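Below, each value reflects all heavy atoms present in this structure, side chains not excepted, and no hydrogens, waters or symmetry copies. Positions are given from 1 along the sequence.
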Amino acid sequence: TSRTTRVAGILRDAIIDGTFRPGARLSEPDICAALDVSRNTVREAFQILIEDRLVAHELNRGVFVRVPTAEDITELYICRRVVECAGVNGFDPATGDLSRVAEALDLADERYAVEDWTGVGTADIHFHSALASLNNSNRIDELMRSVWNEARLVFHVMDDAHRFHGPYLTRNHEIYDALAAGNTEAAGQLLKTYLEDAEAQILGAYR
């Protein structure tokens with residue numbers, strides 16, 4: 001379970017960062033050979049990635065990084081609206097902490113400065129995850145893990161990264177600017193039009 005957890009993390013991080021592309025096959029012998037772990041170690045890591053909703057087993061073809069359908073994307077936006085709007089709308093200026101929201105934005109700004117378009121989508125997910133965490137539930141947090149996973153894959157299937165991300169990064173600052181002014185209600189409306197924009201835009205271009 002610990003050689004496993006660590007093999008699964010290497011693989012998961014490569015899917016997050018787009019090194020394994022949506023649709024790419026994960027080869028058990030190539031992996032086992034390169035990492036020097038056993039087949040079981042690699043098969044258990046695949047199980048973990050399957051539950052994370054990053055990869056899917058094909059019958060006699062092996063394991064492939066997922067490509068989320070239009071329906072998967074609508075399902076993800078319902079989850080994000082529910083949980084991020086709650087986190088924003090329920091935020092308590094007089095007590096809540098915005099530092100991780102702010103760190104995700106500093107990080108996005110940095111990726112953008114270096115033209116790392118992929119890293120900018122990644123940081124956009126950290127920011128929206130930070131807003132879901134404003135709910136202060138570990139449970140909401142563990143559960144949204146596979147939503148953020150799949151939200152990343154959708155961004156890789158897009159391959160429109162440069163043009164897609166910058167106008168959402170600017171709107172992220174505006175959401176964060178309103179929360180930090182203590183205007184959670186305005187923040188929350190800004191975020192709802194955002195999620196709705198983002199969905200309709202991804203669907204408009206989708207496959």
Side-chain angles (χ1 to χ4, degrees), residues 1-80 104 107-108 110-112 114-130 132-133 138-165 198-199 202-203 205-207:
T1 260
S2 208
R3 222 170 62 172
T4 289
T5 273
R6 98 124 222 295
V7 169
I10 297 177
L11 296 184
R12 173 182 309 103
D13 307 331
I15 301 167
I16 294 331
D17 62 43
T19 300
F20 286 125
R21 298 304 303 143
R25 213 160 85 101
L26 315 196
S27 163
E28 302 172 3
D30 299 346
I31 302 164
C32 287
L35 298 174
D36 263 3
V37 290
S38 71
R39 279 290 169 123
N40 239 50
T41 301
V42 184
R43 285 161 178 158
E44 295 174 19
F46 290 1
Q47 249 311 129
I48 304 158
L49 300 176
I50 290 185
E51 314 170 286
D52 307 331
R53 307 175 47 88
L54 291 165
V55 321
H57 187 285
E58 288 197 55
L59 252 189
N60 301 121
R61 300 184 60 227
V63 335
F64 297 76
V65 183
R66 282 185 69 249
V67 1
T69 58
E71 191 199 335
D72 287 339
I73 287 161
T74 290
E75 287 278 358
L76 295 166
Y77 280 100
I78 296 168
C79 299
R80 290 169 67 179
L107 168 56
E110 280 182 25
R111 309 335 294 162
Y112 196 84
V114 100
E115 310 198 315
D116 176 6
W117 307 125
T118 295
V120 179
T122 284
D124 168 60
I125 299 316
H126 299 342
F127 173 83
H128 280 288
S129 170
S133 282
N138 290 335
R139 229 50 252 305
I140 271 174
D141 285 358
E142 303 143 22
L143 293 163
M144 280 304 272
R145 266 202 324 90
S146 79
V147 172
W148 303 137
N149 284 345
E150 196 156 25
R152 293 144 177 152
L153 285 178
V154 169
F155 288 165
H156 300 302
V157 168
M158 246 172 27
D159 251 286
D160 194 48
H162 187 4
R163 276 213 292 82
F164 187 87
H165 300 306
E199 194 192 337
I202 295 163
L203 290 176
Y206 216 64
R207 288 180 126 253

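Note that the CD1 atom of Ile16 and the CH2 atom of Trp148 stand 12.5 Å from one another [nearest 0.5 Å]. Distance OG1/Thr41 to CD/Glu44: 6.0 Å, rounded to 0.5 Å. Here the CG-NE2 distance, from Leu26 to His57, works out to 11.0 Å after rounding to the nearest 0.5 Å. In this structure, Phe164 CZ and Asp159 CG are separated by 13.0 Å, a value rounded to the nearest 0.5 Å. Atom CD1 in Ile15 sits 9.5 Å away from atom NE2 in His156 (nearest 0.5 Å). To the nearest 0.5 Å, the span separating CG on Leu143 from CG on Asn138 amounts to 10.5 Å.
Side-chain contact between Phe20 and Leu54 is absent, with no heavy atoms from C-beta onward closer than 4.5 Å. The side-chain heavy atoms of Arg53 and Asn149, taken from C-beta on, include no pair separated by under 4.5 Å. Taking 4.5 Å as the limit, some side-chain heavy atom of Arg39 sits within range of a side-chain heavy atom of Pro29. The shortest side-chain heavy-atom distance between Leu11 and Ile31 falls under the 4.5 Å cut-off. For the pair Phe46/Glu28, a side-chain contact is recorded, criterion being any heavy-atom separation below 4.5 Å from C-beta on.
Heavy-atom minimum distance, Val67 versus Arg207: CG2-NE, 3.7 Å. Of all heavy-atom pairs spanning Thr74 and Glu199, the tightest one is OG1-OE2, 2.9 Å. Pairing each heavy atom of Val157 with each of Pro68, the nearest pair is CG2-CD, 3.9 Å. Nearest heavy atom pair, residue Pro22 against residue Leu153, reads CG-O, 4.0 Å. Of all heavy-atom pairs spanning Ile48 and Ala8, the tightest one is CD1-CB, 4.1 Å. Nearest heavy atom pair, residue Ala161 against residue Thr118, reads CB-N, 4.4 Å.
Looking at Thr19 and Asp17, their side chains do bring a donor and an acceptor atom within 3.5 Å of each other.
When the salt bridge (charged side-chain N to carboxylate O under 4.0 Å, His left out) test is applied to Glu58, the partners found at least two apart in sequence or on another chain are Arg61. Judged as a salt bridge (charged side-chain N to carboxylate O under 4.0 Å, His left out), and not counting sequence neighbours, the contacts of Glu142 are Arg139. Taking the salt bridge (charged side-chain N to carboxylate O under 4.0 Å, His left out) definition, one finds that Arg66 meets it with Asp72, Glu150, sequence neighbours left out. For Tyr112, the ring-ring contact (aromatic ring centres under 6.0 Å, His included) criterion is met by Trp117, not counting sequence neighbours.
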Distance-only donor-acceptor hits, side chain of residues 121-129, under 3.5 Å, sequence neighbours excluded:
from, atom 1, to, atom 2, distance (Å)
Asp124, OD1, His128, NE2, 3.2
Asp124, OD1, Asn172, ND2, 2.8
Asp124, OD1, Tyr194, OH, 2.8
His128, ND1, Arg80, NH2, 3.4
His128, ND1, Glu84, OE1, 2.5
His128, ND1, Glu84, OE2, 3.3
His128, NE2, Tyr194, OH, 2.8

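In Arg145, the CZ atom is not crowded: 12 or fewer heavy atoms of neighbouring residues, nucleotides or ligands sit closer than 6.0 Å.
Pairs engaging residues 3-15 under the salt bridge (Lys or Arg N to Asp or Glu O under 4.0 Å) rule: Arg12-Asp52 [sequence neighbours left out].
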